[PDB]
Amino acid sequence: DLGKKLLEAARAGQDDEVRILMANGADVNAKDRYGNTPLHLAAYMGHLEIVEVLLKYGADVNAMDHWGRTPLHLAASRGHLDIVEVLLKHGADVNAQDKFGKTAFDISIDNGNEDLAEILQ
């Protein structure tokens, strides 16, 4: 389906494909077996332009995977600062707690990311 193509394209960093699938009517909040949306996959993999496209197409910025992690948690886990800032300015719930009780600030402190902790602070 276009949903599976979009998730694969978002994980792979295929900017053109994502744009084509979005223009062709793919579900922006399509979920894989683990509850990842394309925005989860692009935020984790560090694909900034894809994050922006998915956000323009109405992507849920606070979508949650099977462990209660939002794209913010995923991007913070991988130290993707620009993506973290885009998500924050678009209404990311900074105080969202995952199924382990952790927030993106907790993940930041855990990974010793000063710049990330500051922004999330």
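Residues carry their position along the shown sequence, with the first being 1.
> So 110-118 or 4-12, which one's hotter by mean CA B-factor in the entry?
That would be 110-118.
> Looking at the C-alpha B-factor values in the deposited entry, which of 41, 72, 30, 51 comes out highest?
Going by the entry's C-alpha B-factors, 30 comes out highest.
> Sorting by Cα B-factor within the chain, modelled residues only, which third would residue 60 end up in: lowest, middle or highest?
Middle third - that is where residue 60 ends up once the chain's C-alpha B-factors are sorted.
> If you rank the chain by CA B-factor, which third does residue 99 end up in: lowest, middle or highest?
For residue 99, the deposited C-alpha B-factor lands in the highest third.
> So where's residue 83 on the chain's Cα temperature factor ranking, which third?
Within its chain, residue 83 is a lowest-third residue by C-alpha B-factor, going by the deposited values.
> C-alpha B factor of residue 18, ranked within the chain: lowest, middle or highest third?
CA B-factor rank for residue 18: middle third.
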